[PDB]
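In what follows, a single structure is set out as C-alpha cells and then discussed.
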Amino acid sequence: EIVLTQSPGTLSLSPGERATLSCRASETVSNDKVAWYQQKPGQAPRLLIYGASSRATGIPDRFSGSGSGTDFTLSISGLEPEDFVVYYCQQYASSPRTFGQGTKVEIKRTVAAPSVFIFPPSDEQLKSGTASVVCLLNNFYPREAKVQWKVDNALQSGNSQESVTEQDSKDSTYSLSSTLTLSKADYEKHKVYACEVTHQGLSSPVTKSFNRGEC
Amino acid sequence: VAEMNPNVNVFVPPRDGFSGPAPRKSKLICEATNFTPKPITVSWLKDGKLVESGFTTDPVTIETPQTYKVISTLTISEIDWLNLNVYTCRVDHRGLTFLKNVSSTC
Amino acid sequence: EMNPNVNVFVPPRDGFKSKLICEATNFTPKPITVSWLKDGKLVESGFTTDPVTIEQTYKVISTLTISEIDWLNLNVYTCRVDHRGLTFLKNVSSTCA
Amino acid sequence: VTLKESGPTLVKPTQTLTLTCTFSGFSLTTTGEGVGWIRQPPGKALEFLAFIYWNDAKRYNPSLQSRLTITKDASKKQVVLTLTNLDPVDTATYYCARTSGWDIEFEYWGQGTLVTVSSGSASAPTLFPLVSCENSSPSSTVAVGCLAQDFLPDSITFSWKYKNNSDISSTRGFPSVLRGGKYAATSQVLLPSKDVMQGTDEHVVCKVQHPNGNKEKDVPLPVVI
Ligand SMILES: *[C@@H]1O[C@H](CO)[C@@H](O[C@@H]2O[C@H](CO)[C@@H](O)[C@H](O)[C@H]2NC(C)=O)[C@H](O)[C@H]1NC(C)=O
C-alpha cells in the first residue's frame with residue numbers, strides 16, 4: 001500500500017510562466033516506475049510521461065520530468081490556457097497500483113466583488129412539503145469562499161451540500177450555489193432567512209434577507 | 001404591490017409671472033404624485049401639437065405602498081399665452097393616458 | 001454673484017387642494033434660504049423645501065400646501081428669498097379678480 | 001487503438017453490476033499487455049479497482065479484495081467486469097485502458113460510461129419557479145433562475161427563451177449534487193435591466209431536455225423599471 005499525496009491542492013499560475021507539480025510517496029518505488037497523467041473534465045484522461053523520464057507519442061517536448069526515490073517534480077515550460085486541468089501522478093511498481101489525490105491549476109486573476117442573490121421558495125413548491133432557499137455567488141475570485149446560513153440568529157450546520165461550478169472559459173471567474181433545505185412545518189416557524197457571504201475583496205460582510213409573505 | 005391611477009396637476013404663471021427682455025417667457029410645471037409603479041411617461045401638448053424642444057423632465061424621485069413623484073418643466077412664450085392657447089400635459093402609466101387642459105380663460 | 005430670479009406659480013383659472021412653487025434659478029453660491037408668507041404673517045408649518053439640484057447654475061424649489069377656499073379669497077402670499085444679504089419679495093393674486 | 005465501454009445506466013443497490021470493455025485492433029498475446037479498470041467519483045480522484053495480465057494472471061486491491069472478479073474472453077476480445085454489493089457512495093464512471101508494455105502504462109483510454117447506483121427510479125424532472133426577493137439594491141442587473149429537481153440520471157441541458165421565442169446566452173450551469181438519493185441542480189440567467197423596462201413580456205419560459213419528459217414551466221419576472 002503506497003499512499004500518494006499531492007500538494008498544494010489548488011495553485012494559481014499565469015500563462016507563459018513555469019508550473020511545478022509535487023508528488024509525495026509514502027515509501028520508495030522500485031526502479032522509479034512513476035508515471036504522470038493528464039485529465040480534462042468531460043473527456044478521458046491521457047498519458048503524458050511514462051517512467052517519469054520518457055515521454056509518449058503525441059506529447060509535446062515542453063513537459064519535463066525529474067527526481068527519483070520519494071521526491072518527484074513535474075516541470076512544464078510555456079504554460080498554455082488548455083493546460084489548466086487536473087494532473088495525477090501514479091506509480092505502477094506496486095501491483096496493485098495506487099493513484100494520488102491530484103492537483104488543479106487555475107488562471108490567476110484579480111479579485112472581483114461577488115453578487116449575492118436569494119430566491120425564496122415558490123408557493124407551488126411549498127405545497128409539496130419541501131422548501132428550498134438558494135444563495136447564489138457569481139463573479140468572485142479566488143475560489144475559496146465562506147457561505148454561512150443564519151436564520152432567526154441561529155447558525156445552521158450539517159444541512160448544506162454546496163455546489164460550485166468550474167472556471168469560466170472567457171471570464172476566468174468562479175460561481176457556486178448554496179441550497180437551504182428544511183421541513184415545511186419548520187419553514188412556517190421562521191420569519192427571516194439570510195445567508196452570509198464573506199469575500200477577500202469586501203471590507204465588511206454583506207447580508208441579504210427577506211420577509212415572509214412579502215414575496 | 002399596488003396599482004393606482006396617477007394624478008395630473010398643471011401649474012401656470014400668474015398675470016405678473018412674465019419678466020425679462022421682450023418677448024417675455026415663463027415655464028409650465030406638470031407633476032404626477034402618488035402613482036405606482038415607478039415608471040411613468042410625461043409629454044407636453046400645445047393645441048394638439050407635440051412639443052419636441054424646450055422641455056426638461058426631472059428624474060423620478062421617491063416622495064405602506066411605495067410612492068414616487070415626477071416634475072416636468074416646459075418653457076412657454078408670453079405671446080402664445082395671450083392667444084388663448086391651451087396646453088395639455090400627457091401622462092402615460094401602464095398603457096393608460098391621462099390628459100389635463102388649462103387655459104387663461106376665466 | 002448674481003441675484004436669484006424669483007417666480008411664483010398659481011393654480012389654473014378653471015380649477016385645479018393645490019401647491020405653491022417658488023423657484024430660484026441661476027443663483028450663486030449654492031446655499032440659499034426660501035420661506036413663505038401669508039398676508040404678511042410668518043408661516044410656521046405646511047411648507048417644505050426640496051434639496052438643491054444642479055441644472056455652473058443651481059435650482060431650488062419649495063412647496064407650500066394651501067386650500068382652495070383660502071387661495072381664492074384674495075389672500076396675499078409672498079415668497080421670501082434671502083441671498084448674499086439681499087431679500088426679494090414677490091406678490092401674487094388672482095388674475096380673474 | 002481505441003476502447004469503448006458499455007453497460008446499464010441505472011442499477012439498484014445490493015445487486016450485480018456488469019460492464020463490458022470493447023476493444024479491437026490488438027490481442028492479449030504478447031507479454032506486458034494488460035487491461036485495468038479505473039473509476040473516479042465526481043469531485044474525487046481516480047480509484048484503482050483491479051488489473052489483469054496475460055496468461056490468466058489477475059491482481060486485486062486488498063481494500064476491495066474478495067469483492068470483484070475479473071474474467072476475459074479471447075473469442076469476443078472483451079474483458080468482463082462483475083461488481084457485487086453495490087453502494088451509493090461507490091457511484092463513479094468506469095474506464096478501461098491498454099498497457100503497451102511494462103513501462104508504457106495506460107497509453108490509450110476509451111470514453112467511459114456513468115453508472116448511477118440509486119435506490120430511486122428514473123422519474124421525470126420537476127421544475128419550480130424562482131422569483132428574486134432582492135430589495136433596496138437594484139445593482140447592475142436582476143437575477144432569475146429555474147430549479148430542476150428530482151431527475152435521474154444527471155443529464156440536463158438548459159436553454160432560455162423570451163416570450164416571443166428569442167435566444168438567450170446564459171451559460172450558467174451548476175453541477176448536480178446527490179441529496180436524499182436524488183440529484184438536484186440549479187440554473188440561473190442574467191438579463192439586462194434596460195430590456196426589463198421595455199417590452200410588456202412579464203415572464204420567460206424555462207426549458208429542460210431530459211429523457212424522461214418534455215415539460216417546460218415558465219418563471220414570472222419581478223419587473224423593477
Ligand atoms: C422579443 O422581445 C424583446 C423585448 O423584450 C426584444 O428585445 C428588444 O429588441 C432588440 C432587438 O432584437 C433587442 O436587442 C433588445 O434586447 C430589445 N430592445 C430594447 C430597446 O431593449 C426581442 O428583439 C424580441 N425578439 C425578436 C426575435 O424580435
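For the C-alpha cells, the naming scheme is as follows: chains receive sequential letters (A, B, ...) according to their order of presentation, residues are indexed from 1 within each chain, and ligands are indexed from 1 in presentation order.
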Could you give me, as CSV, a per-residue list for chain D showing, wherever an atom lies at most 8 Å from an atom of ligand 1, the closest pair of atoms and their distance in Å to one decimal, using only C-alpha atoms and all ligand atoms and sorting by chain then residue number from low to high?
```
residue,atom,partner,partner_atom_place_in_ligand_line,distance
D:162,CA,ligand 1,1 (C),6.2
D:163,CA,ligand 1,1 (C),6.7
D:164,CA,ligand 1,1 (C),4.9
D:165,CA,ligand 1,27 (C),6.9
D:166,CA,ligand 1,25 (N),5.0
D:167,CA,ligand 1,27 (C),7.8
D:192,CA,ligand 1,16 (O),7.8
D:194,CA,ligand 1,21 (O),5.7
D:195,CA,ligand 1,21 (O),4.2
D:196,CA,ligand 1,5 (O),6.6
D:197,CA,ligand 1,21 (O),7.8
D:198,CA,ligand 1,21 (O),6.0
D:199,CA,ligand 1,5 (O),4.3
D:200,CA,ligand 1,5 (O),7.2
D:201,CA,ligand 1,5 (O),6.4
```
Selection above as a file: N, CA and C atoms, as a compact mmCIF listing (two decimals), in the first residue's frame:
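The resulting file, selection10.txt, is reproduced below:
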```txt
# COMPACT_ATOMS: atom_id res chain seq x y z
N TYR D 162 -37.23 34.07 -24.51
CA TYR D 162 -38.18 35.11 -24.10
C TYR D 162 -39.60 34.65 -24.43
N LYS D 163 -40.57 35.55 -24.24
CA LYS D 163 -41.95 35.23 -24.57
C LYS D 163 -42.15 35.06 -26.07
N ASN D 164 -41.42 35.84 -26.88
CA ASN D 164 -41.51 35.76 -28.33
C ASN D 164 -40.57 34.72 -28.93
N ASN D 165 -40.15 33.73 -28.14
CA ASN D 165 -39.27 32.65 -28.59
C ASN D 165 -37.96 33.21 -29.16
N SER D 166 -37.28 34.02 -28.35
CA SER D 166 -36.00 34.58 -28.72
C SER D 166 -34.88 33.66 -28.25
N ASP D 167 -33.64 34.13 -28.32
CA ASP D 167 -32.47 33.37 -27.91
C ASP D 167 -31.73 34.11 -26.80
N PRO D 192 -30.29 42.00 -19.09
CA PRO D 192 -30.07 43.43 -18.88
C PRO D 192 -31.29 44.11 -18.27
N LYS D 194 -32.28 47.18 -18.87
CA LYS D 194 -32.99 48.00 -19.84
C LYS D 194 -34.10 47.22 -20.54
N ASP D 195 -33.83 45.95 -20.87
CA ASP D 195 -34.84 45.14 -21.54
C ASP D 195 -36.06 44.90 -20.65
N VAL D 196 -35.85 44.79 -19.33
CA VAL D 196 -36.97 44.59 -18.41
C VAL D 196 -37.90 45.80 -18.45
N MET D 197 -37.34 47.00 -18.44
CA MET D 197 -38.13 48.23 -18.51
C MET D 197 -38.33 48.61 -19.98
N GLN D 198 -39.12 47.78 -20.67
CA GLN D 198 -39.36 47.95 -22.09
C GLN D 198 -40.53 47.09 -22.55
N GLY D 199 -40.23 45.92 -23.11
CA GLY D 199 -41.28 45.05 -23.60
C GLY D 199 -42.24 44.63 -22.50
N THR D 200 -43.50 44.43 -22.89
CA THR D 200 -44.55 44.06 -21.95
C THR D 200 -44.41 42.62 -21.45
N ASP D 201 -43.51 41.83 -22.03
CA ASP D 201 -43.32 40.45 -21.59
C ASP D 201 -42.89 40.41 -20.13
```
Within 12 Å of residue 213 of chain A, counting only C-alpha atoms, which residues qualify if same-chain residues fewer than 5 places away don't, as a list in words? residues 120, 121, 122, 123, 188, 190, 191 and 192 of chain A; 1 of chain B; 133 of chain D
Surrounding residues of residue 11 of chain C excluding itself and chain neighbours under 4 positions, 7 Å, only C-alpha atoms, as a short mmCIF file (atom, residue, chain, number, x, y, z; two decimals) with N, CA and C atoms, in the first residue's frame:
```
data_model
loop_
_atom_site.label_atom_id
_atom_site.label_comp_id
_atom_site.auth_asym_id
_atom_site.auth_seq_id
_atom_site.Cartn_x
_atom_site.Cartn_y
_atom_site.Cartn_z
N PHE B 11 -49.39 73.59 -13.38
CA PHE B 11 -49.17 74.91 -12.80
C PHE B 11 -48.92 75.92 -13.91
N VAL B 12 -49.56 77.08 -13.80
CA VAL B 12 -49.46 78.12 -14.82
C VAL B 12 -49.00 79.42 -14.16
N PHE C 16 -58.26 73.26 -10.20
CA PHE C 16 -57.02 72.53 -10.01
C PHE C 16 -56.87 71.44 -11.06
#
```
DSSP-assigned strand (DSSP E or B) members of segment 8-124 of chain D, reported as a PDB file with N, CA and C atoms, in the first residue's frame:
```pdb
ATOM      1  N   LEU D  10     -28.444   2.481 -14.989  1.00  0.00           N
ATOM      2  CA  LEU D  10     -29.098   2.563 -13.689  1.00  0.00           C
ATOM      3  C   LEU D  10     -29.121   1.174 -13.070  1.00  0.00           C
ATOM      4  N   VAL D  11     -28.617   1.064 -11.844  1.00  0.00           N
ATOM      5  CA  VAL D  11     -28.590  -0.196 -11.111  1.00  0.00           C
ATOM      6  C   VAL D  11     -28.995   0.068  -9.668  1.00  0.00           C
ATOM      7  N   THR D  16     -26.139  -6.931  -8.726  1.00  0.00           N
ATOM      8  CA  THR D  16     -24.997  -7.333  -9.533  1.00  0.00           C
ATOM      9  C   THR D  16     -24.816  -6.345 -10.676  1.00  0.00           C
ATOM     10  N   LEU D  17     -23.613  -5.789 -10.789  1.00  0.00           N
ATOM     11  CA  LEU D  17     -23.274  -4.825 -11.827  1.00  0.00           C
ATOM     12  C   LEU D  17     -22.275  -5.456 -12.788  1.00  0.00           C
ATOM     13  N   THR D  18     -22.580  -5.393 -14.082  1.00  0.00           N
ATOM     14  CA  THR D  18     -21.741  -5.981 -15.118  1.00  0.00           C
ATOM     15  C   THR D  18     -21.414  -4.924 -16.162  1.00  0.00           C
ATOM     16  N   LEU D  19     -20.133  -4.812 -16.507  1.00  0.00           N
ATOM     17  CA  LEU D  19     -19.669  -3.881 -17.524  1.00  0.00           C
ATOM     18  C   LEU D  19     -18.785  -4.613 -18.522  1.00  0.00           C
ATOM     19  N   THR D  20     -18.789  -4.126 -19.762  1.00  0.00           N
ATOM     20  CA  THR D  20     -18.006  -4.715 -20.840  1.00  0.00           C
ATOM     21  C   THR D  20     -17.134  -3.641 -21.471  1.00  0.00           C
ATOM     22  N   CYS D  21     -15.850  -3.948 -21.637  1.00  0.00           N
ATOM     23  CA  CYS D  21     -14.888  -3.055 -22.275  1.00  0.00           C
ATOM     24  C   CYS D  21     -14.602  -3.598 -23.671  1.00  0.00           C
ATOM     25  N   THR D  22     -15.117  -2.915 -24.690  1.00  0.00           N
ATOM     26  CA  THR D  22     -14.985  -3.363 -26.071  1.00  0.00           C
ATOM     27  C   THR D  22     -13.755  -2.719 -26.701  1.00  0.00           C
ATOM     28  N   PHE D  23     -12.807  -3.552 -27.126  1.00  0.00           N
ATOM     29  CA  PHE D  23     -11.602  -3.095 -27.801  1.00  0.00           C
ATOM     30  C   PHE D  23     -11.367  -3.936 -29.046  1.00  0.00           C
ATOM     31  N   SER D  24     -10.742  -3.324 -30.050  1.00  0.00           N
ATOM     32  CA  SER D  24     -10.468  -4.002 -31.309  1.00  0.00           C
ATOM     33  C   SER D  24      -9.226  -3.394 -31.941  1.00  0.00           C
ATOM     34  N   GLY D  34      -1.859  -5.593 -20.744  1.00  0.00           N
ATOM     35  CA  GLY D  34      -2.868  -5.872 -19.737  1.00  0.00           C
ATOM     36  C   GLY D  34      -3.978  -4.848 -19.790  1.00  0.00           C
ATOM     37  N   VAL D  35      -5.065  -5.171 -19.093  1.00  0.00           N
ATOM     38  CA  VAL D  35      -6.255  -4.330 -19.038  1.00  0.00           C
ATOM     39  C   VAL D  35      -6.577  -4.038 -17.579  1.00  0.00           C
ATOM     40  N   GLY D  36      -6.929  -2.787 -17.292  1.00  0.00           N
ATOM     41  CA  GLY D  36      -7.274  -2.394 -15.942  1.00  0.00           C
ATOM     42  C   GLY D  36      -8.467  -1.460 -15.937  1.00  0.00           C
ATOM     43  N   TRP D  37      -9.147  -1.433 -14.795  1.00  0.00           N
ATOM     44  CA  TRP D  37     -10.331  -0.609 -14.596  1.00  0.00           C
ATOM     45  C   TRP D  37     -10.021   0.497 -13.596  1.00  0.00           C
ATOM     46  N   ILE D  38     -10.335   1.735 -13.969  1.00  0.00           N
ATOM     47  CA  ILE D  38     -10.129   2.899 -13.116  1.00  0.00           C
ATOM     48  C   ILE D  38     -11.434   3.680 -13.050  1.00  0.00           C
ATOM     49  N   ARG D  39     -11.893   3.965 -11.834  1.00  0.00           N
ATOM     50  CA  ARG D  39     -13.110   4.731 -11.618  1.00  0.00           C
ATOM     51  C   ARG D  39     -12.785   6.020 -10.876  1.00  0.00           C
ATOM     52  N   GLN D  40     -13.659   7.011 -11.045  1.00  0.00           N
ATOM     53  CA  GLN D  40     -13.468   8.308 -10.410  1.00  0.00           C
ATOM     54  C   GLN D  40     -14.809   8.908 -10.006  1.00  0.00           C
ATOM     55  N   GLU D  47      -9.588   5.997  -8.833  1.00  0.00           N
ATOM     56  CA  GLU D  47      -9.539   4.851  -7.935  1.00  0.00           C
ATOM     57  C   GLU D  47      -9.227   3.598  -8.739  1.00  0.00           C
ATOM     58  N   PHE D  48      -8.257   2.820  -8.265  1.00  0.00           N
ATOM     59  CA  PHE D  48      -7.840   1.597  -8.936  1.00  0.00           C
ATOM     60  C   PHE D  48      -8.639   0.415  -8.404  1.00  0.00           C
ATOM     61  N   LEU D  49      -9.293  -0.314  -9.311  1.00  0.00           N
ATOM     62  CA  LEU D  49     -10.099  -1.474  -8.940  1.00  0.00           C
ATOM     63  C   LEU D  49      -9.312  -2.776  -9.056  1.00  0.00           C
ATOM     64  N   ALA D  50      -8.839  -3.102 -10.256  1.00  0.00           N
ATOM     65  CA  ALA D  50      -8.117  -4.347 -10.482  1.00  0.00           C
ATOM     66  C   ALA D  50      -7.367  -4.254 -11.802  1.00  0.00           C
ATOM     67  N   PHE D  51      -6.409  -5.163 -11.977  1.00  0.00           N
ATOM     68  CA  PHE D  51      -5.631  -5.259 -13.202  1.00  0.00           C
ATOM     69  C   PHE D  51      -5.371  -6.725 -13.509  1.00  0.00           C
ATOM     70  N   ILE D  52      -5.443  -7.080 -14.790  1.00  0.00           N
ATOM     71  CA  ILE D  52      -5.247  -8.453 -15.237  1.00  0.00           C
ATOM     72  C   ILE D  52      -4.143  -8.474 -16.285  1.00  0.00           C
ATOM     73  N   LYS D  58      -4.207 -12.295 -12.803  1.00  0.00           N
ATOM     74  CA  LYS D  58      -5.019 -11.177 -12.350  1.00  0.00           C
ATOM     75  C   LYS D  58      -4.540 -10.689 -10.989  1.00  0.00           C
ATOM     76  N   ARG D  59      -4.710  -9.390 -10.753  1.00  0.00           N
ATOM     77  CA  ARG D  59      -4.351  -8.755  -9.495  1.00  0.00           C
ATOM     78  C   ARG D  59      -5.557  -8.005  -8.950  1.00  0.00           C
ATOM     79  N   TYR D  60      -5.703  -8.008  -7.628  1.00  0.00           N
ATOM     80  CA  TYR D  60      -6.825  -7.362  -6.966  1.00  0.00           C
ATOM     81  C   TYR D  60      -6.316  -6.442  -5.864  1.00  0.00           C
ATOM     82  N   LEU D  68     -14.492  -8.347  -6.064  1.00  0.00           N
ATOM     83  CA  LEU D  68     -14.503  -8.165  -7.507  1.00  0.00           C
ATOM     84  C   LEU D  68     -13.958  -9.412  -8.190  1.00  0.00           C
ATOM     85  N   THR D  69     -14.418  -9.646  -9.415  1.00  0.00           N
ATOM     86  CA  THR D  69     -13.986 -10.782 -10.217  1.00  0.00           C
ATOM     87  C   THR D  69     -13.620 -10.305 -11.612  1.00  0.00           C
ATOM     88  N   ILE D  70     -12.523 -10.838 -12.145  1.00  0.00           N
ATOM     89  CA  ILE D  70     -12.020 -10.473 -13.465  1.00  0.00           C
ATOM     90  C   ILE D  70     -12.068 -11.706 -14.355  1.00  0.00           C
ATOM     91  N   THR D  71     -12.750 -11.587 -15.492  1.00  0.00           N
ATOM     92  CA  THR D  71     -12.842 -12.662 -16.468  1.00  0.00           C
ATOM     93  C   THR D  71     -12.593 -12.093 -17.856  1.00  0.00           C
ATOM     94  N   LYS D  72     -11.902 -12.866 -18.692  1.00  0.00           N
ATOM     95  CA  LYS D  72     -11.585 -12.455 -20.051  1.00  0.00           C
ATOM     96  C   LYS D  72     -12.024 -13.532 -21.031  1.00  0.00           C
ATOM     97  N   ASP D  73     -12.432 -13.095 -22.220  1.00  0.00           N
ATOM     98  CA  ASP D  73     -12.864 -13.989 -23.293  1.00  0.00           C
ATOM     99  C   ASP D  73     -12.156 -13.563 -24.574  1.00  0.00           C
ATOM    100  N   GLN D  78     -13.042  -9.012 -25.342  1.00  0.00           N
ATOM    101  CA  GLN D  78     -13.564  -8.026 -24.405  1.00  0.00           C
ATOM    102  C   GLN D  78     -13.511  -8.597 -22.995  1.00  0.00           C
ATOM    103  N   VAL D  79     -13.043  -7.786 -22.051  1.00  0.00           N
ATOM    104  CA  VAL D  79     -12.964  -8.195 -20.654  1.00  0.00           C
ATOM    105  C   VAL D  79     -14.309  -7.949 -19.984  1.00  0.00           C
ATOM    106  N   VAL D  80     -14.693  -8.853 -19.085  1.00  0.00           N
ATOM    107  CA  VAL D  80     -15.965  -8.781 -18.375  1.00  0.00           C
ATOM    108  C   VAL D  80     -15.684  -8.444 -16.918  1.00  0.00           C
ATOM    109  N   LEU D  81     -16.365  -7.420 -16.409  1.00  0.00           N
ATOM    110  CA  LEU D  81     -16.211  -6.965 -15.034  1.00  0.00           C
ATOM    111  C   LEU D  81     -17.525  -7.173 -14.296  1.00  0.00           C
ATOM    112  N   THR D  82     -17.446  -7.749 -13.100  1.00  0.00           N
ATOM    113  CA  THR D  82     -18.612  -8.006 -12.265  1.00  0.00           C
ATOM    114  C   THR D  82     -18.435  -7.297 -10.930  1.00  0.00           C
ATOM    115  N   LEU D  83     -19.458  -6.552 -10.517  1.00  0.00           N
ATOM    116  CA  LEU D  83     -19.431  -5.799  -9.270  1.00  0.00           C
ATOM    117  C   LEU D  83     -20.628  -6.201  -8.423  1.00  0.00           C
ATOM    118  N   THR D  84     -20.367  -6.597  -7.183  1.00  0.00           N
ATOM    119  CA  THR D  84     -21.401  -7.000  -6.243  1.00  0.00           C
ATOM    120  C   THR D  84     -21.392  -6.069  -5.036  1.00  0.00           C
ATOM    121  N   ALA D  92     -19.577   5.992  -9.720  1.00  0.00           N
ATOM    122  CA  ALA D  92     -18.472   6.624 -10.431  1.00  0.00           C
ATOM    123  C   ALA D  92     -18.520   6.174 -11.884  1.00  0.00           C
ATOM    124  N   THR D  93     -17.675   6.795 -12.702  1.00  0.00           N
ATOM    125  CA  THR D  93     -17.535   6.442 -14.107  1.00  0.00           C
ATOM    126  C   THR D  93     -16.335   5.518 -14.271  1.00  0.00           C
ATOM    127  N   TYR D  94     -16.547   4.388 -14.938  1.00  0.00           N
ATOM    128  CA  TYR D  94     -15.533   3.351 -15.069  1.00  0.00           C
ATOM    129  C   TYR D  94     -14.869   3.440 -16.437  1.00  0.00           C
ATOM    130  N   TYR D  95     -13.538   3.432 -16.444  1.00  0.00           N
ATOM    131  CA  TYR D  95     -12.749   3.495 -17.664  1.00  0.00           C
ATOM    132  C   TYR D  95     -11.824   2.290 -17.746  1.00  0.00           C
ATOM    133  N   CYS D  96     -11.545   1.856 -18.973  1.00  0.00           N
ATOM    134  CA  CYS D  96     -10.587   0.792 -19.229  1.00  0.00           C
ATOM    135  C   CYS D  96      -9.523   1.285 -20.202  1.00  0.00           C
ATOM    136  N   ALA D  97      -8.299   0.804 -20.011  1.00  0.00           N
ATOM    137  CA  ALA D  97      -7.158   1.251 -20.798  1.00  0.00           C
ATOM    138  C   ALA D  97      -6.261   0.064 -21.119  1.00  0.00           C
ATOM    139  N   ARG D  98      -5.416   0.251 -22.128  1.00  0.00           N
ATOM    140  CA  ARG D  98      -4.482  -0.772 -22.583  1.00  0.00           C
ATOM    141  C   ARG D  98      -3.058  -0.336 -22.267  1.00  0.00           C
ATOM    142  N   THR D  99      -2.274  -1.253 -21.705  1.00  0.00           N
ATOM    143  CA  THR D  99      -0.871  -1.005 -21.391  1.00  0.00           C
ATOM    144  C   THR D  99      -0.006  -1.627 -22.480  1.00  0.00           C
ATOM    145  N   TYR D 108      -3.616   4.282 -24.004  1.00  0.00           N
ATOM    146  CA  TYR D 108      -4.842   4.615 -24.717  1.00  0.00           C
ATOM    147  C   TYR D 108      -6.031   4.452 -23.781  1.00  0.00           C
ATOM    148  N   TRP D 109      -6.892   5.467 -23.742  1.00  0.00           N
ATOM    149  CA  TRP D 109      -8.083   5.461 -22.906  1.00  0.00           C
ATOM    150  C   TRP D 109      -9.329   5.551 -23.775  1.00  0.00           C
ATOM    151  N   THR D 113     -18.496   5.328 -19.119  1.00  0.00           N
ATOM    152  CA  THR D 113     -19.946   5.397 -19.017  1.00  0.00           C
ATOM    153  C   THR D 113     -20.329   5.618 -17.560  1.00  0.00           C
ATOM    154  N   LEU D 114     -21.320   6.479 -17.342  1.00  0.00           N
ATOM    155  CA  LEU D 114     -21.771   6.799 -15.993  1.00  0.00           C
ATOM    156  C   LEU D 114     -22.698   5.696 -15.497  1.00  0.00           C
ATOM    157  N   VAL D 115     -22.355   5.102 -14.358  1.00  0.00           N
ATOM    158  CA  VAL D 115     -23.145   4.042 -13.745  1.00  0.00           C
ATOM    159  C   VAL D 115     -23.668   4.589 -12.422  1.00  0.00           C
ATOM    160  N   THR D 116     -24.941   4.977 -12.404  1.00  0.00           N
ATOM    161  CA  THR D 116     -25.561   5.552 -11.217  1.00  0.00           C
ATOM    162  C   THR D 116     -26.166   4.447 -10.362  1.00  0.00           C
ATOM    163  N   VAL D 117     -25.857   4.469  -9.070  1.00  0.00           N
ATOM    164  CA  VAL D 117     -26.365   3.495  -8.111  1.00  0.00           C
ATOM    165  C   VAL D 117     -27.266   4.252  -7.144  1.00  0.00           C
TER     166      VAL D 117
END
```
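Shortest atom-to-atom contact with residue 100 of chain A among A:29, A:56, A:3, A:76: A:3, counting only C-alpha atoms.
Once residue 64 of chain C and its same-chain neighbours fewer than 2 positions away are set aside, residues 19, 20 and 47 of chain C remain within 6 Å of it when counting only C-alpha atoms.
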With a cut-off of 10 Å and counting only C-alpha atoms, select all residues of chain B in contact with chain D and give the selection as a PyMOL selection string. chain B and resi 37-40+94
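Reported to one decimal place, the separation of atom CA of residue 112 of chain A from atom CA of residue 141 of chain A is 5.9 Å.
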Using only C-alpha atoms, I'd like every residue of chain B that has an atom within 8 Å of chain C; please write them out as a PyMOL selection string. chain B and resi 9-17+102-106
Those same residues, written as a short mmCIF file (atom, residue, chain, number, x, y, z; two decimals), in the first residue's frame with N, CA, C and O atoms?
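Written output follows (result.cif):
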```cif
data_model
loop_
_atom_site.label_atom_id
_atom_site.label_comp_id
_atom_site.auth_asym_id
_atom_site.auth_seq_id
_atom_site.Cartn_x
_atom_site.Cartn_y
_atom_site.Cartn_z
N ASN B 9 -51.53 67.32 -12.33
CA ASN B 9 -51.70 68.70 -11.92
C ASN B 9 -50.81 69.59 -12.78
O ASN B 9 -49.65 69.25 -13.04
N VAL B 10 -51.36 70.72 -13.22
CA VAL B 10 -50.66 71.65 -14.10
C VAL B 10 -50.59 73.01 -13.41
O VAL B 10 -51.60 73.51 -12.90
N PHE B 11 -49.39 73.59 -13.38
CA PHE B 11 -49.17 74.91 -12.80
C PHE B 11 -48.92 75.92 -13.91
O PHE B 11 -48.17 75.65 -14.86
N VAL B 12 -49.56 77.08 -13.80
CA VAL B 12 -49.46 78.12 -14.82
C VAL B 12 -49.00 79.42 -14.16
O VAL B 12 -49.28 79.65 -12.98
N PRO B 13 -48.29 80.29 -14.89
CA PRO B 13 -47.84 81.54 -14.28
C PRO B 13 -49.01 82.50 -14.10
O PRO B 13 -50.02 82.42 -14.82
N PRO B 14 -48.91 83.44 -13.15
CA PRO B 14 -49.97 84.44 -12.99
C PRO B 14 -49.88 85.54 -14.04
O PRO B 14 -49.08 85.46 -14.97
N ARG B 15 -50.71 86.58 -13.89
CA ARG B 15 -50.67 87.69 -14.83
C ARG B 15 -49.35 88.44 -14.77
O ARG B 15 -48.90 89.01 -15.77
N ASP B 16 -48.71 88.47 -13.60
CA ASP B 16 -47.43 89.14 -13.41
C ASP B 16 -46.26 88.16 -13.32
O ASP B 16 -45.24 88.47 -12.71
N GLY B 17 -46.40 86.99 -13.92
CA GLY B 17 -45.38 85.97 -13.91
C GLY B 17 -44.41 86.01 -15.08
O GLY B 17 -43.63 85.06 -15.25
N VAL B 102 -55.59 73.24 -19.51
CA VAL B 102 -55.58 74.50 -18.79
C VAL B 102 -55.56 75.64 -19.79
O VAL B 102 -55.10 75.49 -20.93
N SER B 103 -56.08 76.79 -19.37
CA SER B 103 -56.14 77.96 -20.24
C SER B 103 -56.26 79.21 -19.38
O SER B 103 -56.58 79.14 -18.19
N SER B 104 -56.00 80.36 -20.00
CA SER B 104 -56.10 81.64 -19.31
C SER B 104 -57.53 82.15 -19.21
O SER B 104 -57.77 83.15 -18.53
N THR B 105 -58.48 81.49 -19.87
CA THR B 105 -59.87 81.92 -19.82
C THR B 105 -60.44 81.74 -18.41
O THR B 105 -60.13 80.77 -17.72
N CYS B 106 -61.27 82.69 -18.00
CA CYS B 106 -61.88 82.64 -16.67
C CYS B 106 -63.28 82.03 -16.73
O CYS B 106 -63.94 82.06 -17.77
#
```
Can you pull out every residue within 7 Å of residue 106 of chain A, counting only C-alpha atoms, but drop anything in the same chain fewer than 4 positions away, and send it as a PyMOL selection string? chain A and resi 11-13+84
Mind giving me the straight-line distance from atom CA of residue 149 of chain D to atom CA of residue 174 of chain A in Å, one decimal? 22.8 Å
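All residues of protein, DNA or RNA that reach within 12 Å of residue 75 of chain B, judged by only C-alpha atoms and not counting those fewer than 3 positions away in the chain, are residues 12, 13, 18, 24, 25, 26, 27, 28, 29, 30, 44, 46, 51, 52, 53, 54, 55, 56, 57, 72, 78, 80, 81 and 87 of chain B.
The space between atom CA of residue 70 of chain B and atom CA of residue 35 of chain B spans 9.6 Å.
Residue nearest residue 211 of chain A, chosen from A:63, A:187, A:193, A:72 and counting only C-alpha atoms: A:193.
Remark: for chain A, the closest of the candidate residues B:19, B:86, B:65, B:97 is B:65 (distances computed over only C-alpha atoms).
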